[PDB]
Amino acid sequence: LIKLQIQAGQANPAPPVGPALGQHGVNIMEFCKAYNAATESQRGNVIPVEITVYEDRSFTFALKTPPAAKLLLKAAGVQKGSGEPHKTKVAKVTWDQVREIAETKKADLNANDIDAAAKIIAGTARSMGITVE
Amino acid sequence: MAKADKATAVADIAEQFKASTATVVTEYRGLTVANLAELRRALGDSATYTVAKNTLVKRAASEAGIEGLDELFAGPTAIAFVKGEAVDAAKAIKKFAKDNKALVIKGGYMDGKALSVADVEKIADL
Amino acid sequence: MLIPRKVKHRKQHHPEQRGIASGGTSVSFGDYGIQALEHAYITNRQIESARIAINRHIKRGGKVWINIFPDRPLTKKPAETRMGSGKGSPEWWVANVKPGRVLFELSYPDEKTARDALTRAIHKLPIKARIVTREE
Amino acid sequence: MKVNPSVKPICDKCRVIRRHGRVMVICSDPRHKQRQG
Amino acid sequence: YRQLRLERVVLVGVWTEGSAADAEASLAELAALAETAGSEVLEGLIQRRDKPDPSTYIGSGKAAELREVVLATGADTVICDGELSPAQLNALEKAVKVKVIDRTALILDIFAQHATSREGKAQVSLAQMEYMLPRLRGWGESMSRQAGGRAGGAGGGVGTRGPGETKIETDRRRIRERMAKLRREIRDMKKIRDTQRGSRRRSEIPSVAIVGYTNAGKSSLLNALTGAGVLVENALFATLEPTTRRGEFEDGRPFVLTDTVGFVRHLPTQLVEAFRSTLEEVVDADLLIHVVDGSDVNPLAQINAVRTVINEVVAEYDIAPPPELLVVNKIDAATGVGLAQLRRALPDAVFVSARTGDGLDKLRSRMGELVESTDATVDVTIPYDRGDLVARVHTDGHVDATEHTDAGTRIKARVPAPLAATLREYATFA
Amino acid sequence: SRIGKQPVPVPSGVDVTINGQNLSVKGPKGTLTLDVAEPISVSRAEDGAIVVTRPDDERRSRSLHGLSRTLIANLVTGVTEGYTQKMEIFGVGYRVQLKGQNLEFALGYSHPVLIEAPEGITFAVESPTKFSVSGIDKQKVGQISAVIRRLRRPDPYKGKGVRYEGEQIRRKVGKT
Amino acid sequence: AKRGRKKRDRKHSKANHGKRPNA
Amino acid sequence: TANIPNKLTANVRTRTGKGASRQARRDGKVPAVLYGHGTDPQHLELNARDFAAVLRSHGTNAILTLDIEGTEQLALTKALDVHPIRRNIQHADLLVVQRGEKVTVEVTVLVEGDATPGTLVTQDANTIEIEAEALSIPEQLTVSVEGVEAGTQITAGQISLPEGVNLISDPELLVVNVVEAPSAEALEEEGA
RNA sequence: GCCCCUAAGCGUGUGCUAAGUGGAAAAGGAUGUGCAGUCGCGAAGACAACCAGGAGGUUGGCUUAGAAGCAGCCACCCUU
RNA sequence: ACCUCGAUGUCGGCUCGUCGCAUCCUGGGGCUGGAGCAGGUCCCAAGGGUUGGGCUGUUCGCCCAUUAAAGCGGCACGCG
Ligand SMILES: Nc1nc2c(ncn2[C@@H]2O[C@H](COP(=O)(O)OP(=O)(O)NP(=O)(O)O)[C@@H](O)[C@H]2O)c(=O)[nH]1
C-alpha cells in the first residue's frame, strides 16, 4: 500500500513519516524499531522501504538499496539534487562508478542486464545534470 | 511492427541459435518479467533465456533443422539456449519449470535436427 | 486603419467585379497565403481585424504581408434623405478583390499554427477563401 | 447542453454522431454535450 | 457623426474661489486630459472672477480677445475648465467662430476612445447622449459635419388623417431603447458573478478594493502585490472595465485585489452612473486601499474628491465604513519636505514605491492585520492516522505551532468554524 | 460484414428450430423466439451451428449481418444461462425489501415506492443495501435495470441512490 | 417578403426560361 | 549528375482554337506546343495525367522524349500555363533541345536548417537563373542556414552550385535574409 | 408535356437520392452517401478485440507537511 | 410614388374580438460558478390565465397596493 524512504540512524520523522504513512494505519512504533534493528549497520544512509500490511495491520517491511541520486551525489559530496535538472551542473561521476551503482541497484531494478542497468544509472545521473564518462 | 527490422531480428536469432549447442523452445505465458531474473540467475551457469516474436521465428525456422517444430510455433516464444549439450541446462530448466509453472516446453533442437519434448525431458531427468 | 494619404479623385464609380484576377495570384512574400474564390469589397476595418487575428494567434514572431490595399473610395448619402443633390461624401475604403487574388501572406516555422491563424483570418473576412502555399 | 448551428468536439473525449437525422456531440463531461440546430 | 474632436487646444479657465494654486492645478489637469485626448496645448488663459459668468462663462471682451488669439494661433478647439450650458456654448461659438468643447465632453470622448468591449460601449453611449440632450441645443447649433441641407421636415397635405407621427426613431430614441434593455443585463451579470462572490465570502476570502485617483499608479499596486499583469493596466487616465484577481495577505490568508477606474475632480455624474459598476465594489469590499500619488504637492484635493465620492456612494446603502488604509505611491518623486507636507496632516499613510516595493512589506503587514481574520484560535492534538486532517489544516487551516508526539500531532492554528466543530473532540480544552 | 459471418455454436443441452424465417431456441432455462431480416439468410450447419449469410454486400446487409448474428447469440445464451444484473444502494436510511414478485424501495421519499417485476423476470435480494435482477432476456433485464436506475435522480453532491456495482458516478462538491 | 420571393422564383421555370415580367 | 529523359506520347493536334483546346482539356489531353531552332513548331496533345505525374516527380524543368507519331524527339518543357483557380495545366511550351546543348533554365532554391533561437529566416526569391547543358539541370538547389548568427544575407553568389552549372543571375541578388525575430509589439507596429 | 384531374409513355437502358430532397435561402457545422486519386502500416500477422508482459531504476531531482509515474517546475534517460 | 383626390373619415379611451409565439404564470427537461431554499441559461410547450388606482389627452412613461402572472405582436398602427 505504502512505500517510503527512511534512514536507519533515526526513526519516526514527523513530515516524512508522520502524515505520510501513519495516515494509512501503520504500526509505526514497532515498525520503526524493527527496521532500525534490521538495518542499523547502515548508520544514517537513507534506504528505501516498502510496507506490506495484511487485514489485521500485521506488517512486513521490504528493503531496497540506498537511492541512486544519493549514491551519485555523495561521491562528489553534494547531499541534494539539481534544482533544475539538466540545467545546472551539480557533480561529476565516472562510468565505472555509474556501473557499480547500477550493479548495486540491479536488486532495486526489475532488470537482468548489468550493462543495461549501467545505462539506467547513467540516465538517472545526467537527467539530474551530472557529468558521466 | 517493423519490416526492415525483420532481417536484423532473423540474423540476431540465427547467430545465437547456431552458437548455442542445443536450444529448447517453450511458452512463458504467466510469469511476471521479474521471475525471468531468478530463472536467468539459476540457469546462468549453463543456459540463457530470451524472448522472441514467433511471426519472424517461423520464417527463420527454415534455415536449419528446427523445421520439424513448424507445428510448435504457437504461444509466447521463449528460447532457452544451452552453451554445451542439453542435460547440463535441462536438469535445471525442467526443475524451474515444474516449480514456477509459468513455462511449458514445446520444442527443441540439437545435432541439426529437432527432438521431441519427450526427448528433452528424458535428457533433463537423466 | 489603412488609409491612402491622398487621392486624385474622392468620388469614383463603383469598382467593377467581373473577371478573374490576372495578377497577385501567386504567394510570393511568405510561406503560406490566403487566396480568394469569389468577389468582394474588402474594407480597411476588416483587413485590420484579420491582421490583428493573425498577429494575436502567432503571439511571438513570424511575418505577415498584406498583398491588397483599400484605396477605392465609397460614398453614402446623408441619413434619411431623398434621391438627388449629388453624390455623398467618402466614408469607407475598399479594395476590389477578385477570385484568385491572394490577400494575406504569412511566414512562421510551425505549419499548423500558421494554418490556424490563416483560418481565423478567413473567418474574419467576408469572402470564401482558402489557404495555399508556394508549392505548385 | 447547447443548441447551436455549430457543434465542435471541444475536447479529446468529445464524440460527434448523427442521431435520428440530427448531428450532436457527447462527452464524459455533460458541460460539452451539444446538439446541432 | 456627432463625435468630438479637440484638434488643437487653447485652454480657457475661470478662477471663482479657492486660490491661484487651485485654479492653476485645475487648468493643468484639464490640459493633461486634453493632451491624453490628443490635442496640442497652445496657450492657457485664466480669468479671475468672484463668481462665474452666466452669460458666456467669460466676459464679452475676453471672448473677442480669445477670437483674436485663436485666429492668430490658428487653433481649432477651445477647452473650458467647467461644465457649461448650451447658451454659453453657443455664445462662445459665435464669438470665436471655432468648435468649443468643455471638460465634461472631453472626458466623455476620452471614455469613448478607451472603451473596448463589455457593457462599456453601452455605458459610454448612454452617458454621452444623456449629456448631449441638455446641450442638444448648444451642440445642435454647433452641429459641425451635417452635410448641410434644408429643414428636413415636410410631410404633406393632412386631410382627414395626420402623418404617421409615430416616430419611434430619434437621436437618443435608440440609446433609450438600448439602455432600457441593457440595464437588465448589467444587473444580471452582477448577480451571476455575485453567485460566486457569496461563496468567496463564505470562506475567509475578504474583498479589498483599490480607491485611487486617475493615472495615480492605480495598477502599480496591483502588479506589485497581486503580481498578475493587467492589460494596459486596466487602470489609467481613463479605463472603464474594472478588474480583480486573487492575492494573499501578509499572513497568507487569501483575498481579492479589485482594481478600479481612477477618479477626477468632479467626475461627470453621467459617468458616475457607469462607475457604479465598480463602486458597488467599495460596499462589497471588506477593506479599502486609498492610494494617492506621492509626487503631488496638493494631495488633499484628490483625497477629498475620492472621500466625497465614496461618501456619496455609501450614504445610499448605509453600510458601515470599511477600514481605510492610506497609501502614497511613487514616493521617490518628491523631496523629504515634500513628503512631510503630506505626512504632518496625514501621518498614518504608508509611503510605498510601487516601482521597487520600498515599504511594501509594511504595507502588506498593515493591510493583513487590518483585515481581521474570520477564523477561530484552536489548539488540538490528532493521532497519526489523521494525516488527512493534518493535510486539511495545512491546506485551509492557519498553522501557528505544529509539533508531534506519540499521541498525535499537536497543532495550534486558526481554522474555520465547520472544521473546528469537526475536530472539537481532541481539543485541549474539550 | 465480419462479425455476422461467424457461425453461432449450439451447446449440447440446447435445442434449435429454424422454421421458415423464424427461429426458436429452447433449453434448460426456457424457450425464446426471434425473426430475421429478409435480405439475410439463416441456416443450420451440420456441426451444431447456426449460419447467417447475405446475398449481397450493401450497406443495409453489412449493418444487419452483425446485428442478426449477435441477436441469435444472445438468444442461445439466454435460453441456457439467462442473465443476472446486480444493483446496489447508497445513502443512510435507504433500503430495499422483497415482496415476492414485487420489490419495495425506501429512498427518503415521503411514500415508499413499489416496483412490480413483469412477466419473465425475478428480483432477488441479498441485503437491504444490495440486490439483483435475473431473467432469460438481456433486453428485458437491461430495461428493468434502467427503470430501477431512474427512480432517484442523480445526486453528484452526495451520491445516494440506486446504481450498479461497477458504476463510478461523478462526484462534485457543494460549498457548505 | 414571401410574396416578393415567390414572385421572383416563378421566373426559374421550364416554360419561362429564366425571364419573367416585372422581375 | 544526369537524368533519364522521361518518355511521353504526343499526337499532333488536328485542329486548333479555343474550342478545340478546351475540348481536349475536357477529354483529358492537355495541348502543348513544341518549338525551338527546329524549324516551324508543331502542336501536340499530351496525356494530362502522366504529364502532371512526371512534372511533379521531376520539377518544372524536366527533360522529355516525345514519341510523336512514333518519331522520337528529345525536348525540354520551358513553361506551363496553369489556371490560377483550379491549378489545371492548360498549356505547355516544349523546346527541342539537342544533346549537350547549353540552355538557360530557372531553378528553385530550397532552404534547410535553423538559425539561433532568437532569429527568423526570410527567403526572398524562389527562382534563380542558371546556365547548363540540357541533361545536367538540377531539379533544385539548397542554401544552408544552420548555426547562422544575427543578421545574415545569402545571395545568389554565396551558394554552392553544381559542376557544369553557371550562375546567369546577378551574383549580388539577395535570396535569403536571416533577421532577429519580431516582437509582439513590433508585430502590432507592422501595418500602422 | 405524356400515373388521375388532363390529349399523349405508372416508355427503354445505365447509375445517384432517404431528404418527400424533388416542391425556396446565407455565413458556418458535420463521420449521409456514389465515384475517382492519393499517402502510411499490412500474413514477415495490418486496426480492433482479450490482456499473462506493461514491473522497476526511484522521492528520476527541486518544490515538497506533499507532487512516490498522473498538486507544479527541469531533464524526460532506460534494459528485461 | 404602383391603386385610391366625380372623397379609402385620423390619434387616445370604450364595446367586441380573433390569430402568431419570438412564453409573464402554470407544465415537462438539459447544463449550472445546480449544499438546501432561491437563482441563472437553453430546449419543448399557445390549454387557460394575465388586477384595481394616482399624475399624464395622452401612446408611452413614473408611483401606490396586490398578484402565480401582471408577456409581446398582427388583423386599414383590428373595430367611429
Ligand atoms: N508618477 C509615476 N507614474 C507611474 C509610475 N509607474 C507607473 N506610472 C504610471 O503608469 C502609466 C503607464 O501607462 P498606462 O497606465 O498604461 O496609461 P498612460 O501612460 O497614462 N496612457 P496616456 O499617455 O494616454 O495617459 C504611466 O503613464 C504613469 O502614469 C511611477 O513610478 N511614477
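Read top to bottom, the protein sequences are chains A, B, C, D, E, F, G and H. Just so you know, the first sequence maps onto residues 34 to 166 in my numbering. Just so you know, the second sequence maps onto residues 209 to 334 in my numbering. Just so you know, the third sequence maps onto residues 2 to 137 in my numbering. Just so you know, the fourth sequence maps onto residues 6 to 42 in my numbering. Just so you know, the fifth sequence maps onto residues 2 to 431 in my numbering. Just so you know, the sixth sequence maps onto residues 1166 to 1341 in my numbering. Just so you know, the seventh sequence maps onto residues 3 to 25 in my numbering. Just so you know, the eighth sequence maps onto residues 5 to 196 in my numbering. Positions of the beta carbon are idealized from the N, C-alpha and C atoms, including for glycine.
Identify, in the order they occur along the chain, each residue of the same chain with its Cβ nearer than 6 Å to the Cβ of E/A321, setting aside the five sequence neighbours on each side. For E/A321, where only same-chain residues beyond five positions count, there are no Cβ hits under 6 Å.
I'd like the ranges of any alpha helix (DSSP H) spanning at least 4 consecutive residues and lying wholly in the stretch 252 to 277 of chain B. The qualifying runs are 262 to 268.
Would you say E/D319 faces chain A, with C-beta separation under 8 Å as the test? no
F/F1270 by DSSP, collapsed to three states: which one? strand
Any beta-carbon of chain A closer than 8 Å to the one on B/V241? yes
Given a threshold of 16 other Cβ atoms within 10 Å of its Cβ, counted over all protein chains shown, does E/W140 qualify as buried or as exposed? buried
List the residues of chain H that C/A51 touches, going by C-beta distances under 7 Å, in chain order. What C/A51 touches in chain H: nothing, since even the nearest Cβ is about 11 Å away.
Pull up the distance between the alpha-carbon of H/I93 and that of C/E92, whole angstroms please. Straight-line Cα distance between these residues: approximately 43 Å.
Could you tell me which chain A residues have their CB closer than 8 Å to the CB of B/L244, listed as they occur along the chain? The CB of B/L244 comes closer than 8 Å to the CB of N145 in chain A, given here in chain order.
Which word fits A/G77, buried or exposed, when buried means at least 16 other C-beta atoms lie within 10 angstroms of its C-beta? exposed
Rounded to the nearest angstrom, how far is the Cβ of B/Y257 from that of B/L251, given a contact under 8 Å? 7 Å
Quick one, which of E/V310, E/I102 and E/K363 has its alpha-carbon nearest residue 1 of chain E's? This structure gives no information on residue 1 of chain E, because the portion of chain E shown stretches from 2 to 431.
Would you say H/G195 faces chain C, with C-beta separation under 8 Å as the test? So, interface residue.
Distance, B/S270 Cα to B/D278 Cα: 9 Å
How many Å lie between residue 1 of chain E and E/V257 at the Cα? Past the boundaries of the shown model lies residue 1 of chain E; chain E is included only from 2 to 431, so the question cannot be answered.
What I want to know is whether the C-beta of C/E112 ends up closer than 7 Å to one or more non-hydrogen atoms of ligand 1. Checking every heavy atom of ligand 1 against the Cβ of C/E112, none is found closer than 7 Å.
Name, please, each residue of chain H whose Cβ falls closer than 8 Å to the Cβ of C/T26. Going along chain H in sequence order, the residues near C/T26 (Cβ under 8 Å) are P88.
Length at least 4, wholly inside the stretch 230 to 290 of chain E: the alpha helix (DSSP H) runs in chain order: Here the runs fully enclosed are 270 to 285.
Could you name the residues that DSSP lists as bridge partners for H/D71? H/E76
Residues proximal to ligand 1 by C-beta, any heavy atom closer than 7 Å: E/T37, E/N216, E/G218, E/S220, E/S221, E/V233, E/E234, E/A236, E/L237, E/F238, E/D294, E/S296, E/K331, E/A334, E/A355 and E/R356
Counting only the same chain and skipping the five closest in sequence on each side, list residues whose C-beta sits under 6 Å from that of F/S1226. Excluding residues within five positions, the ones whose Cβ falls inside 6 Å are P1204 and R1219.
For E/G213, name the three-state secondary structure that DSSP assigns. strand
Test item: CB-CB of F/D1180 and F/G1192 under 8 Å: yes
For C/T120, the first and last residue of its enclosing alpha helix (DSSP H): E112 to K125
If contacts are defined as beta-carbon pairs under 8 Å, then F/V1312 and F/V1290 qualify, I think. What distance do you get, rounded to the angstrom? With a Cβ gap of about 17 Å, F/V1312 and F/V1290 do not count as contacting.
Quick check: the Cα distance between E/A148 and C/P79, rounded to an integer number of angstroms? 7 Å
Residues in the same chain with beta-carbon distance under 6 Å from A/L106, minus the five sequence neighbours each way, listed in chain order, please. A124
On the CB-based measure, 16 or more other CB atoms within 10 Å of its CB, does A/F64 come out buried or exposed? buried
With a threshold of 8 Å between beta carbons, is residue 168 of chain B in contact with chain A? Absent from the model: residue 168 of chain B. The displayed extent of chain B is 209 to 334, so no value can be given.
Taking just the CA atoms, how far does A/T127 sit from A/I154? 11 Å
Just to check, is the beta-carbon of E/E69 closer than 7 Å to a non-hydrogen atom of ligand 3? In the structure on display, ligand 3 does not appear, and the ligands it does have are ligand 1.
Would you give the residue range spanned by the beta strand (DSSP E) that H/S148 belongs to? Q144 to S148
Which residues bound the alpha helix (DSSP H) around E/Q114? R104 to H115
Inter-residue CB distance, C/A130 and C/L38 (contact presumed, cutoff 8 Å): Distance from C/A130 to C/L38 at the Cβ level is roughly 6 Å; contact confirmed, criterion being Cβ atoms closer than 8 Å.
Cα separation between E/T309 and H/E192? So the two alpha carbons sit approximately 41 Å from each other.
Under 9 Å Cβ-Cβ, which residues of chain A neighbour B/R237? Ordered by position in chain A, no residue passes the 9 Å Cβ test against B/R237, which lies about 19 Å from the chain.
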